[PDB]
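Student: Keeping their order, the protein sequence lines are chains W and Q. Per the authors' numbering, residue 3 is the first one in the first sequence, and the count goes up by one each step. Per the authors' numbering, residue 303 is the first one in the second sequence, and the count goes up by one each step. Using N, Cα and C, we set each Cβ at its ideal position, and we do this for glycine too. Here it is, the structure, as C-alpha cells.
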Amino acid sequence: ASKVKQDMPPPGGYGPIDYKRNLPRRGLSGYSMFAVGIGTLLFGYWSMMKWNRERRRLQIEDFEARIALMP
Amino acid sequence: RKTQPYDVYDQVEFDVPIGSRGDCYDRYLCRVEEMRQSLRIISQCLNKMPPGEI
C-alpha cells in the first residue's frame, strides 16, 4: 500500500563532479631564480675572501713563531 | 563506444583521447584522459538513473 521505493538520485540532481586537469603554475620567473642564485654566490665569495685573507695572516704569524724558535 | 554503441552509450557525452606519436607517453596520456572521461560518464549515469525493473 506504500509508494515504490528505489535507489534514486535526489530531486533536482547531483552537484557538479570535477573531471578536468588541474596542474596550477605556482612558480617564479626564471630571472628571479637566476638572480637569487647569483646573489648567493656573490655573498659567499665576499665572505670567503675575507676569511681566507685572515687565515693567510694567521698562517704567517705562526710561521714567524716557528722562525723565532728555530735557532 | 562511439562507432558501434551498446546499452545506453549513445545517451552519454564524452571525449575520445587521441595520440600523435604512437609511443608509451602518448598512450599513458590517453589512459589518464580516459579516466577523466570515465568520471564524466559516471556523473551522467548518476544523474540519469531511471526507475523500473532490473
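(1) Give the residues of chain Q in contact with W:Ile40, contact being defined as C-beta atoms less than 9 Å apart.
(2) I need the boundaries of the alpha helix (DSSP H) containing W:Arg58, first residue and last residue.
(3) Alpha carbon to alpha carbon, how far is Q:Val310 from Q:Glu335? Give it in angstroms, no decimals.
(4) How about W:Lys7: is its C-beta nearer than 8 Å to some C-beta of chain Q?
(5) How about Q:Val314 and Q:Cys347: do their beta carbons lie closer than 8 Å?
(6) Assuming Q:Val318 is part of the alpha helix (DSSP H), what are its boundary residues?
(7) Would the beta-carbon of W:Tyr21 fall within 8 Å of that of Q:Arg338?
(8) Along the stretch 10-43 of chain W, what residues have a CB closer than 9 Å to any CB found in chain Q?
(9) Using 8 Å as the threshold, is the C-beta distance between Q:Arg333 and Q:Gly321 below it?
Tutor: For this structure:
(1) Going along chain Q, no residue has its Cβ under 9 Å from W:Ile40, so there is no contact; the nearest lies around 35 Å.
(2) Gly32 to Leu71
(3) 21 Å
(4) no
(5) yes
(6) Q:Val318 -> no alpha helix (DSSP H), and no H or E assigned at all.
(7) yes
(8) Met10, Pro11, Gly15, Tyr16, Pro18, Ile19, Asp20, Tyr21, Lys22 and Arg23
(9) no
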